[PDB]
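The residues making up each chain are set out below.
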Amino acid sequence: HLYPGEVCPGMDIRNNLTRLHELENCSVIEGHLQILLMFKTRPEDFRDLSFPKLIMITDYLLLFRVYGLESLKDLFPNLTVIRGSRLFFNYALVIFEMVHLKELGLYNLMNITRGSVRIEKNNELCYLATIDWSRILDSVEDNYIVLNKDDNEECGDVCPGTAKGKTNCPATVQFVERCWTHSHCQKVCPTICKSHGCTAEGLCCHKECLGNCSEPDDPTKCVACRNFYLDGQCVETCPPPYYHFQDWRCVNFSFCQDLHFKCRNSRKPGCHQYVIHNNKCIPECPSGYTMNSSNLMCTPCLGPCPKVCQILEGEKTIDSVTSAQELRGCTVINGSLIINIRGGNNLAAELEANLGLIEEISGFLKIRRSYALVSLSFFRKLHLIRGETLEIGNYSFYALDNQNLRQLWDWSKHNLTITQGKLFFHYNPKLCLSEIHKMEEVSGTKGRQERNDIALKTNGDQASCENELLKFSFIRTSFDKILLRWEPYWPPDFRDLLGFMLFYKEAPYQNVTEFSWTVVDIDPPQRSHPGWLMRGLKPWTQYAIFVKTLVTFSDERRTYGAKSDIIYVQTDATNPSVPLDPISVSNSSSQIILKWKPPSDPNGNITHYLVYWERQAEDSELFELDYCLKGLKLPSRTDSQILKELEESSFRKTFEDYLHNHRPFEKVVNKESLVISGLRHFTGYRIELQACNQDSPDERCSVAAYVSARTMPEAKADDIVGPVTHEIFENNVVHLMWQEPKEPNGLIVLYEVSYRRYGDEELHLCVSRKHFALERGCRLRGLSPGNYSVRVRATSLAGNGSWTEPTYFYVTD
Amino acid sequence: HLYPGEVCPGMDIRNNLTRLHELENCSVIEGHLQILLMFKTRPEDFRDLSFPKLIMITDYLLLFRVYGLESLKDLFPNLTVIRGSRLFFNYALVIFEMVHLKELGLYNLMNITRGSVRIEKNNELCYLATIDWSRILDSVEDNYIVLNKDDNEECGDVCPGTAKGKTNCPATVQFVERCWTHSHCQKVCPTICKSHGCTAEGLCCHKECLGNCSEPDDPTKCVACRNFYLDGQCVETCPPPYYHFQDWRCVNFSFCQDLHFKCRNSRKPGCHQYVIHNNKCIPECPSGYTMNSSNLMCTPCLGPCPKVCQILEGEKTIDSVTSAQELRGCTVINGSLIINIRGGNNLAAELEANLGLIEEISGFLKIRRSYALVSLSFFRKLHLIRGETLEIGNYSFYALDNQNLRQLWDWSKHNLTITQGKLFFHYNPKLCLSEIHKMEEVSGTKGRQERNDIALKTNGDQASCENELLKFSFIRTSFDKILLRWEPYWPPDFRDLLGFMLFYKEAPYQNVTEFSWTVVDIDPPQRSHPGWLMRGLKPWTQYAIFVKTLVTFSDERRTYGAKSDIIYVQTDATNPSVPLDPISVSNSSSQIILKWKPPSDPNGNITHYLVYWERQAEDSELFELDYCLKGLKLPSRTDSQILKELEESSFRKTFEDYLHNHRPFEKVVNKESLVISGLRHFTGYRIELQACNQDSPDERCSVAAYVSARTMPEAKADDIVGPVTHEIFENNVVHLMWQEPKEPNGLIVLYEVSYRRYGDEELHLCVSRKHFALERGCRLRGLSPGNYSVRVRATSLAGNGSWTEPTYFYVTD
Amino acid sequence: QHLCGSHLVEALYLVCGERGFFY
Amino acid sequence: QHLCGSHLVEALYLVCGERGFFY
Amino acid sequence: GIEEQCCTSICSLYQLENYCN
Amino acid sequence: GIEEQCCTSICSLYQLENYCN
């Protein structure tokens, strides 16, 4: 009970009605259900077509271009729950381009567990606005219902009750009625039970039901199982000895074992070798687990445990990265590989990531027209070619037309065995016979090769596999250039030497292993050690250099030549560049902070920065000029864009390439910020800054980077000190005496005197330095007699000072 | 007169004072003047350093990092005009990082003809805000004066007159004074003369002067020449027999000829082979002109006339595009070329654009480690290698380590001669000896080659130069697949055949020469015509196919093999795709416009579109339902973004890959827009649209693309026709008869009657179709007696109609 | 590429036809 | 690359020096 | 078989000649 | 000459050996 019919897998019914009858009996579909591409079907064919026993769908339901179908109210009257275990592009119910479809009709669809619904391009579909997706879908924000007949209002969606007062089922959110068809309306359960379902009477179903039930509060009288199905009863979890299967039912070990048995051999494509783990008949053991053949349990494995991967007919071509991504992690391959990589970006390392775990090949390994492969080192773990599946001619290794192949494997550090078959190397220009013969010795295939199987005149050709050695003799360098010499190597026939070849590159790290390389060709010595003089090298840089000879293949035995070992030579250090971006900021009367960044060209390691600061005296004209004369200034010291960008950058770069060849100072060590102490208040300071990479042994380093700053002035340094003495002689001639602010902010440009008789107005008058020095102050004249007031303010470079306390004087009448 | 001193060229004075004295006599610099990188210089050195005779500068003046220099008021007191013929990065006066420089001092600088002024990073420079660039520079918007001592206000820029009332020279735009130094102020001419200059008195100079003059209105008493200088006189233009030179002076034919003579041989770097054209001693004849050696005139040349280009020591390396850009248009090269192109994007065509014009090479042509070059066809016009300059071993052609070289020149269509030297071909894997021997025959170098000069065992190796021919035997295609067969070719030793190789690609145009290709390997026939079956081809596409054999180099004479000719085969046509984006719009009661776009997969040529339109009757429920019942509806017919984009596009692509296998209609021919005629007003029409590529011979084509639209309703189709008859029986029972609008917009959903007694209020009442049919109208009841009014409005799908003319009725009391 | 279904039968129809195939 | 000026004299000093150069 | 040879993997023309009268 | 051989073009080490005592 609880599922009267059988269970069917998914199907892709198409182009004919002769396959829809496969749902004659089964009540649950363990997969998806696609009915699409129905061109010849007529509406008369669906009148007598129904599957009333269908209740449950695991993955999704899809409909696309079924001509003649009008509604699903007859197709799946009892379709209740769509789990959405596997979604069609995040959609659990797709109705796409269903011409002639008028209404959905799935009135028994209470719940869609996972996914959303995509209904689009349905120019005849009505009854879409009168459906409650919020009561069916947990989250409706992922829905997609557009381009239907309900987009432009043309549907008369009328469902029972409207003539009687929209009765026979309620409405909710506008409070529009929720209903499926013109004769069947949606059944909505009360909120007292979330999703357990309820009968038509109103009493809720059991917690283990889903949507509908025949008897309230009964796990054996439901219609769908919320968690799992067993013996006609919905259970919270599968009890032993039954395991969870497909996240919707419980089955015994026998069923999972038997399904795995059919998946072993008697099903070629796409079957799942179901395994038991966590009491679940999982299709495949998760990562870090292996299958124990005794009971199919996913027993944990220590370290990298085998991941056997099968191949379509045991022959897979790998012509790019995408084909290699499929074989990720496959320790053992039960098949054969075809490598036809004609190019790629950043290969032999990402390719190593994809294919570096293969330890076994059941068939043969093939490399064919692989233009971009320089070495087979990406087969980091390959150790045994079984040679069970072989090509025509019984070939296990088949290398052909490999233009850039230079080595197969580092035989000094690698092992490989081939059980059956013979090798084949043809048209491998950059790979010489030494590597092939070494592989023949290593793999034990020496006694299997016959005539023409190995090409003796198309392989070891343009290959650089010199057997002898070149020893460098004289190497001593400079800051910009490096001198190199080596022993003069001569082949047995001195006419055979075409010259030498020198390779170098910038190698900050010594992890250089040949296969960027700047190449220099050198004529042979005139029968005097040959060498080259490098010229454009950056100072303080590590260069990897090796020398390879260039000989000619003689008609007699080939002279391989000699190549030097890869040596690392470091250029000398020189004067560093200007320390870029020097900024000085004043935050105190005696403290200024100096900030800078390391130079763009250290030309070594910056041992210490050298800083010079020199006091700048104030301008001479500030001492003998009257600043209250008519006309005065107060000395108050403190693709269009691309074309400009490239021109300005080139302008900056032009000057940057030009510069390449007793005062208080200090040495800043390993710091790029500095603050100076013991500075006079409000004084412009000239700062000369230098980066330096050597201190004691005849120091030589960069040119000065100049910047200037002025310290902050004291608030009360400009205040007038001493009494404001007044004096007259006879005729109301005021003679104001006052002491200077001996320590001003820079200097005192001028003085101003404000005087006002008792109750009268105030008049302003300046005092200049020349006037002040000659007059020892000021001499007022031409003012009325009586009692007055005197206020004095001192003006410095920082600004106007504080007015002195008012002083009064009374003159003789 | 007018220039007492001599004329000097430009110079780059640097690092010492021992070169500044070169300006002891000359008054005009024919070039630029750079004084920079003065580290050891002291301020005492510039006290007694002056060049009072310097007046004129052609290109620009630059100063950069000159330590100890304080002002230029003593350096160039009489510097008057800077032409700016050649600018330093669009700047005619650069003062950059001029440390210790306080003020400019160039008080005699009236005019800067071209360019702008860039003054920057001058922490001691004052007197920058008090300068009038508008009176010196025609356009000042390109200036750059930042990061100086005048940026932050710290300069006491005071110049004569301030103590006397800013006198001795005026001010202009704030109206701030314009002045150069503390003792010299700027001299500004009145606006009555634009730039001709004026004396200190005020009278203007001659039109041919520039800035200053000793005698007003005198071309022979100026200081600089506005247009040209001759015999100590400023002239508007150079009279014969003198030619314009350097755009500033006039010289005779003798001077230009002599300068060209020194430039011929007795000057290695930087000379210009000055020529006479348009009465101007121009450095080089412009495009489309050639030099006649008799009088050096730029006589016009017909067609491409020679452009001889010299090379540094006659040996230039071309390792990229940039090096090739230099030799653009060089018909004849007086040197030798080194080709070392290790790679590039879109080469052999742009490289042909740069180097396709060379017709002659004086020295030797060298190709060395040129990885990217597949052929030398970019030397489109090369015909003769002079071979006067040769390398060690006397080599004119030196090809070495050319991994991808396959073809030198099409000797059936190309000619080449080498006068001296011998060829050298080593390590050219993809180039066989046939091409080398053909070049030896063509160039007449057969008798010059000796032993080991030509490599017989490193060249013709992996080369595809099959001499025989393969003939295709059986070729018949389909819409998706193409079958191919060819004659079974067997080498003299049948064991030598490794198999066949098939190349194909999409070739819409037949300009394919195999010089990108999907390769297929085919086993040899079992001693039965060998062939392949293409499987993934697009319908209606032209494919270029040729078959190349794969043989093995025997120890005996090499078997070259056979390759088929490049044949072009076209796939058959099939059903087209859905016509994308169909849109229907109604603009009239009988006219609807249908618009669509061609399908994404025409699968041929779209001969005609097939359009079906079918009338859709209104819904049945609209006839037997009352629409004024309580509860009613009016049937008023009418990386987050990337993830969704890829998923939606894949969703669209998923369905697009699924579909691949008596009503009024018409055939639209060569049109994508259509308007239908003879349509009933306000009727939903079902439009079925198809693209089609065959009409008469058993037509087969695409599936239908469905779209629906409804015609526009008539304004007065819903009007009530006929009189509104009223009737009563005894008890004030109104019996209203009125004729229907026989032709409505779709149908008449309901009628409403508005009645109001004379002076009373109005009450509304509906009439439903079932009520209207049963009662033949309406039957009012339960209203007061008296005289009333009757107004009738007919409601259709389009909307409410027009109220009928009111009718009155009086009932019996 | 891969061929089975309508593609396989039409491929057999393309290869043969002068004598016929059975499948 | 190219060498004449200070670069040329320092290059001669680099190549030789055990015996000396004149230039 | 036939379909086990042409869509499981790539089948040559000689293998298609084996499935003809 | 010397400068006419090392910055006009590229000079080999053997040519630099020619300019030494």
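For the structure itself, consult the block above.
Residues numbered from 1 in each chain as written, not as in the entry; some residues may be left out. Chains lettered and ligands numbered in written order. Heavy atoms only, no water.

Caption draft 1: Looking closely at the relation of the copies chain A and chain B. At an RMSD of 0.1 Å, chain A and chain B line up after a rotation of 180 degrees and a shift of 0.0 Å along the axis. Expressed as a symmetry operation, the mapping of one chain copy onto the other fits a two-fold axis. Judged by C-alpha distance, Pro429 of chain A is the residue of chain A that lies nearest the rotation axis, at 3.7 Å. A symmetric contact is evident, with 99% of the interface residues of chain A recurring at the interface of chain B. (Least-squares fit on C-alpha atoms. Contact = heavy atoms within 4.5 Å.)

Caption draft 2: Seen up close, the interface of chain A and chain B. Of the residues lining the interface, 90 residues belong to chain A; the matching set on chain B comes to 91 residues. With both sides pooled, the region where chain A packs onto chain B buries about 8,100 Å², and carbon together with sulfur makes up 51% of that total. Summed over the three residues of chain A that lose the most area to chain B, namely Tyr427, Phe655 and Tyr658 of chain A, the buried surface amounts to 8% of that side. Joining chain A to chain B, the criterion identifies twelve salt bridges. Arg652 of chain A is the partner of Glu120 of chain B in a salt bridge, and the nearest nitrogen-oxygen pair spans 2.4 Å. Taken together, the connections running from chain A to chain B amount to 30 residue pairs in polar contact. No other element matches the eight residues that helix 5 (residues 640–658) of chain A contributes to the side of chain A that touches chain B. Split by residue class, the side of chain A that touches chain B holds 40 nonpolar, 20 polar and 30 charged. (Buried area = accessible area lost by both parts, 1.4 Å probe. Salt bridge = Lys/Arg side-chain N within 4 Å of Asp/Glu carboxyl O. Polar contact = N/O pair within 3.5 Å; in protein donor to acceptor, adjacent residues only side chain to side chain. Helix = DSSP H or I, 4+ residues; strand = E, 2+ residues; numbered from the N terminus. Nonpolar A, V, L, I, M, F, W, Y, C, P; charged D, E, K, R; others polar.)

Caption draft 3: Spotlight on the pairing of strand 31 (residues 472–477) of chain A. Bridging between strand 31 of chain A and strand 32 (residues 482–486) of chain A involves four bridges; their strand directions are antiparallel. Along strand 32 of chain A, the bridge assignment pairs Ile475 of chain A with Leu484 of chain A. (Pairing = 2+ DSSP bridges.)

Caption draft 4: Main features of the sheet that holds strand 41 (residues 608–615) of chain A. Residues and elements named next belong to chain A. The antiparallel open sheet is built from four strands, whose spatial order is 42-41-44-45. Of all the strands in the sheet, the pair left with one neighbour each is strand 42 (665–669) and strand 45 (705–710). Neighbour to neighbour, the strand axes of the sheet diverge by 25 degrees on average, direction disregarded. Where strand 41 lies against strand 44 (residues 684–692), eight bridges are found, and the strand directions are antiparallel. Within strand 44, the residue paired with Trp613 across the bridge is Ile687. (Axes fitted to C-alpha atoms, helices over the stretch in contact; angles between N-to-C directions.)

Caption draft 5: Representation of the interface of chain B and chain C within the structure. The partner chain C presents ten residues to the eleven residues of chain B that form the contact. The junction of chain B with chain C conceals about 960 Å² of combined surface from both sides, 61% of it contributed by carbon and sulfur atoms. Of all residues in chain B, the largest losses of buried area upon contact with chain C belong to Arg476, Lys481 and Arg535 of chain B, amounting jointly to 51% of the total for that side. In this assembly, chain B and chain C are joined by one salt bridge. At the boundary of chain B and chain C, one finds four residue pairs in polar contact. Among the residues making up the side of chain B that touches chain C, the classes are represented as four nonpolar, three polar and four charged.

Caption draft 6: Layout of the state of the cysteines. All names here are of chain A. Inspection of the entire model under this criterion finds 42 disulfides over all chains. Disulfide pairing is shown between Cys225 and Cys234; the S-S distance is 2.0 Å. The S-S bond linking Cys225 to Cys234 shows a torsion near -90 degrees; that makes this disulfide left-handed. Across this residue pair, the class does not change: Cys225 and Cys234 are buried. Paired through a disulfide, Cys263 and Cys271 show a sulfur-sulfur distance of 2.0 Å. Residues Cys263 and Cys271 are joined through a disulfide that is right-handed, its torsion about the S-S bond being 80 degrees. Free of any disulfide, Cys778 has its nearest neighbouring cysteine sulfur in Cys766, separated by 9.5 Å. (Disulfide = S-S within 2.5 Å. Buried < 20%, exposed > 50% of the residue type's maximum accessible area, 1.4 Å probe, protein only.)

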